[PDB]
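Okay, structure first, notes after.
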Amino acid sequence: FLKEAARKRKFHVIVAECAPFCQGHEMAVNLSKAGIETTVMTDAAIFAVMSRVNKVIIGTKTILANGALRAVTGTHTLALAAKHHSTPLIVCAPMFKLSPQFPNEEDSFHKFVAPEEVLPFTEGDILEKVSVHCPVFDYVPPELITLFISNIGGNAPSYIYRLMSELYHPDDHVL
Amino acid sequence: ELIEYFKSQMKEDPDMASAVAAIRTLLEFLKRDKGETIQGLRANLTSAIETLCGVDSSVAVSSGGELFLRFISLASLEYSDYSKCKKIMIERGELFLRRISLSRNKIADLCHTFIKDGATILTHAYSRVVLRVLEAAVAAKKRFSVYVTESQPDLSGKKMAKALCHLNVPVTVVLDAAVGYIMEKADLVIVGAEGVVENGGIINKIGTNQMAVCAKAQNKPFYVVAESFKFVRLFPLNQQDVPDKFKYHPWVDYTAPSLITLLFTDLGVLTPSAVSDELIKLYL
Amino acid sequence: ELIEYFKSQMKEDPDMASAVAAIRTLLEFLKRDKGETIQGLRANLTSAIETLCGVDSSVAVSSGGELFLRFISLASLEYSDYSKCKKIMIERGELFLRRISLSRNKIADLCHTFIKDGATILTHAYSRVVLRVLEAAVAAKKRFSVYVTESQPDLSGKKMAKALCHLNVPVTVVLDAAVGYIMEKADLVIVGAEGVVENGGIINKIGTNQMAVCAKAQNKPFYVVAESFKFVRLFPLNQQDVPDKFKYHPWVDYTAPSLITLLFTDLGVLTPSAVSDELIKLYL
């Protein structure tokens with residue numbers, strides 16, 4: 001999206017790298033390779049610069065039936081910061097990322113990985129009394145989303161319920 | 001005429017809703033009707049719906065009456081004979097009454113999954129749908145607490161508390177003025193509805209709008225459980241826009257869809273933006 | 001002992017507040033005290049305040065006791081003789097009583113200007129300050145309507161309506177669950193207070209907080225009329241942080257200062273940010 005919008009326009013792009021999996025650096029390098037004036041920052045500063053951002057554009061792993069999102073960790077904070085400043089939040093996701101499931105499968109929604117990413121193994125004897133959790137995904141409510149861009153065009157979250165009905169059968173929700 | 005006595009005697013089952021009894025009475029009087037034209041049948045049934053609403057001022061009765069009129073107008077579009085059409089209407093009404101009776105369990109078995117263990121739910125008044133949802137979760141080996149409001153106009157929260165105590169559920173009765181006090185100690189709000197308006201809001205007991213506002217102010221999820229025959233094409237702009245035929249101290253009020261999270265109907269789990277879709281597709 | 005008898009007999013004036021009677025009892029027992037040291041007098045009056053708030057569980061009694069203790073400390077810091085200091089304490093307490101017994105009239109004089117002609121005022125329960133304000137407003141040839149909730153725990157709304165009917169003011173009693181219903185028809189909300197916390201919020205009847213939210217959701221002005229002796233150094237983080245001695249069905253709750261527009265005290269018209277300034281300048 002950004003590399004196609006940059007061949008005819010010129011704008012500012014800021015990438016906040018995720019703390020557990022710092023994959024934002026790769027995207028920042030790939031964007032700077034095309035000359036888009038890309039900036040890199042951490043998650044703690046997401047709110048700090050939020051007052052100087054006109055639009056937020058993100059993607060997700062899957063979309064729930066009520067319009068909610070299962071995104072990478074730290075995205076709920078970004079949505080809250082965008083809602084605080086009334087900044088529109090755009091979601092780029094194709095049609096094969098729609099799941100008929102509803103947010104009722106808690107305690108398994110997030111993906112938990114080894115605590116080695118958060119706290120290293122070389123800390124010492126404190127690892128026996130400290131509980132370290134590293135969730136990969138997080139839940140984003142539908143009221144913090146402004147638009148959904150898909151292969152069929154632009155839609156609102158309040159219409160996602162229809163798209164599901166046009167893709168899956170109600171008897172195949174539980175599978 | 002002596003039609004209201006058949007509707008009052010139809011409500012001898014304490015678990016039967018008012019709209020269900022109204023629809024059953026309408027179907028019975030359609031079966032016993034001796035007319036030979038569809039216009040006369042429509043007129044007689046509109047007058048009967050008016051007479052039934054004159055007794056019960058609930059919005060569910062009007063919703064069921066409009067749904068029955070729409071069903072008649074839909075079934076009168078294919079055959080155009082009033083005898084073939086009459087038999088088809090009788091069969092479809094029997095099937096519809098058979099399918100409506102299974103809506104409560106269909107809502108309960110689909111909504112009880114949203115209740116976690118050790119949670120705290122907040123209810124306003126006595127509702128059979130909420131009671132079925134709560135009794136379907138305790139059967140799934142779940143433990144939780146319930147706070148029920150007293151419903152000062154007529155004490156309905158005490159009946160709900162007695163039912164929950166009979167179901168071996170820890171329930172605490174709170175006052176109508178203490179809703180803003182215990183809202184911080186609740187996980188979710190599950191309430192019923194007497195009628196779902198076009199825009200997605202609800203029409204429920206007078207102490208529902210303030211509780212929805214308090215839940216929105218504290219980011220508490222507000223869930224509403226209601227059947228599908230309670231979908232009425234009304235658009236109240238404010239509290240005064242609600243017709244006085246339903247409020248009569250007001251007995252009912254309107255809650256905007258901006259404060260409702262999800263709806264659990266026999267059609268499934270929907271958003272406040274799906275009721276208008278069904279009402280448009282039905283051409284009510 | 002006999003301090004409770006004197007305190008309960010001092011409340012034979014229906015217009016005298018509980019904190020005022022407590023302060024008068026404290027001053028009387030300071031006068032009749034046979035002590036010869038300031039520490040013994042301080043300890044005896046501290047235990048007496050403990051007994052008084054054990055009799056009456058209102059926040060105003062505790063606020064008045066803390067104010068009396070601070071006044072004792074301030075008067076002891078100067079002279080340090082306990083004889084001339086005692087005479088100074090007696091005369092200062094006399095002047096303080098004479099000045100604080102007429103604060104309601106000043107509050108009314110400075111607050112009745114905010115009421116327009118033909119506006120709608122919303123009150124929660126029975127309070128003498130709102131009654132005096134409305135009397136001073138109707139004495140200025142003003143016409144308005146008043147809505148008052150019933151306050152289900154103890155029916156103070158009906159008493160407030162009966163007291164207002166003698167003033168030839170149109171009053172209507174609404175239910176506690178119908179707060180969010182008549183909120184759109186009310187032009188402003190005016191409530192009393194039993195205690196003003198450090199940050200600026202208030203501690204009032206259980207059905208007050210849920211009324212401050214529904215007003216905030218509709219941009220309705222929310223004014224609080226309270227005296228100066230109700231300033232207490234408390235900081236409740238939520239509804240559970242309120243001490244159990246004041247709530248005891250809870251009988252009181254806390255309202256945040258962000259939902260309060262203005263406060264009308266004998267010191268004048270203040271913002272919720274002035275109570276903390278006064279409490280810091282007092283060094284209570």
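Backbone-built Cβ (ideal geometry, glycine too); neighbour counts: all protein chains shown. Every read-out reported here was derived from the displayed coordinates using simple, explicitly stated rules and does not represent laboratory data.
Per-residue mean of foreign Cβ neighbours for C:207-214 is 6 (Cβ atoms of other chains, 10 Å radius). The convex hull built on the alpha-carbon positions of the stretch B:170-284 has an orientation-averaged projected area of 7.9 nm². Remark: the stretch A:73-90, residue by residue, has Karplus-estimated 3J(HN,Hα) of 4, x, 7, 5, 5, 5, 5, 5, 5, 5, 5, 5, 9, 6, 8, x, 10, 9 Hz, where x stands for each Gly or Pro and the curve is 6.51 cos²θ - 1.76 cosθ + 1.60 at θ = phi - 60°. Comparing A:79, A:65, A:34 in a Gaussian network model of chain A (Cα springs below 10 Å), the most mobile by mean-square fluctuation is A:34.
Across the residues of A:104-113, average count of Cβ atoms on other protein chains within 10 Å?
Details: counts 8, 1, 2, 2, 0, 0, 0, 0, 0, 0.
Across A:104-113, the average partner-chain Cβ count within 10 Å equals 1.
Listed by chain and number, the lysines whose C-alpha is less than 27 Å from the C-alpha of residue A:3, apart from same-chain residues fewer than 8 away, are A:33, A:55, A:61, A:83, A:97. Adding -39500 (n - 2.57) for every DSSP H run of four residues or longer, then dividing by how many residues the protein assembly as shown holds, sets the calculated 222 nm ellipticity at -11500 deg cm²/dmol. Extension gain for residue C:119 to residue C:47 (0.36 nm times residue separation, less C-alpha to C-alpha distance): 21.1 nm.
The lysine pair tally for the stretch B:182-284, using Cα distances under 27 Å and a gap of 8 or more places or different chains, is 14.
A Förster radius of 56 Å combined with the Cβ-Cβ distance from residue C:274 to residue B:99 puts the calculated FRET efficiency at roughly 0.30. The alpha-carbon atoms of the stretch A:1-166, seen along their principal axes, cover 54, 41, 28 angstrom, with the largest extent given first. Placing unit charges on the Cβ atoms of the charged side chains and taking the dipole of the protein assembly as shown about its Cα centre, the candidate lying farthest along the positive direction among C:69, C:238, C:127 is C:127. Could you list log10 I(q)/I(0) for the protein assembly as shown at q = 0.08, 0.09 Å⁻¹, which the Debye formula gives when each Cα is one point scatterer? Treating every Cα as an identical point scatterer, log10 I(q)/I(0) equals -0.85, -1.00. What residue among A:62, A:122, A:75 has the largest mean-square fluctuation in a Gaussian network model of chain A, using Cα springs under 10 Å? Result for chain A, Cα springs under 10 Å: A:122 fluctuates most. For the stretch C:1-157, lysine pairs separated by 8 or more sequence positions, or belonging to different chains, with Cα-Cα distances below 16 Å total 9. For chain A, a Gaussian network of Cα nodes joined below 10 Å ranks A:31, A:147, A:127 by mean-square fluctuation, and the top entry is A:127. Partner shielding of B:169-179 amounts to 6, given as the average count of beta-carbon atoms from other chains within 10 Å of each residue beta-carbon. Convex hull of alpha carbon positions in the stretch B:196-243: directionally averaged projected area 3.8 nm². Evaluating 6.51 cos²θ - 1.76 cosθ + 1.60 at θ = phi - 60° for every residue in the stretch B:86-91, the Karplus couplings come out as 5, 5, 5, 5, 5, 5 Hz, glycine and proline recorded as x. For residue A:90, the residues 5 or more places off, or on other chains, whose built amide H falls under 5 Å of its own are A:56, A:57, A:58.
Multiplying each eigenvalue of the alpha-carbon gyration tensor of chain B by 5 and taking the square root yields semi-axes of 35, 19, 18 Å, largest first, rounded to whole angstroms.
Think of each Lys and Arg Cβ as +1 and each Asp and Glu Cβ as -1; about the Cα centre, that makes the dipole of the protein assembly as shown roughly 1220 debye. Taking the Cα centre of the stretch B:65-207 as reference, the dipole from Cβ charges on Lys and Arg (+1) and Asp and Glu (-1) amounts to some 540 debye. Run through all the Cα pairs of the stretch B:55-105 and give the fraction in each 5 Å bin from 0, expressed as whole percent. Reading upward from the zero bin: 5, 18, 22, 23, 17, 11, 5, 1.
I want to verify the translational diffusion coefficient of the stretch B:3-106 in µm²/s; compute it with Stokes-Einstein, Rh as the Kirkwood radius over Cα pairs, at 37 °C and 0.692 mPa s.
The Stokes-Einstein estimate is 234 µm²/s.
Candidate cross-link partners of residue B:162 among the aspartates and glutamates, defined by an alpha-carbon separation under 17 Å and a same-chain spacing of 8 or more, comprise B:15, B:135, B:150, B:154. Close amide H pairs (under 5 Å, H built 1.01 Å from N) link residue B:195 with B:203, residues at least 5 positions away or on another chain. Shape summary of the stretch A:103-171, radius of gyration then Dmax from alpha carbon positions: 19.3, 55 Å. Distances between placed amide hydrogens fall under 5 Å for residue A:39 paired with A:13, A:14, A:15, all partners being 5 or more residues away or on another chain.
When C:185, B:216 are sorted by how many other C-beta atoms sit within 10 angstrom of their C-beta, beginning with the fewest, the order is C:185, B:216.
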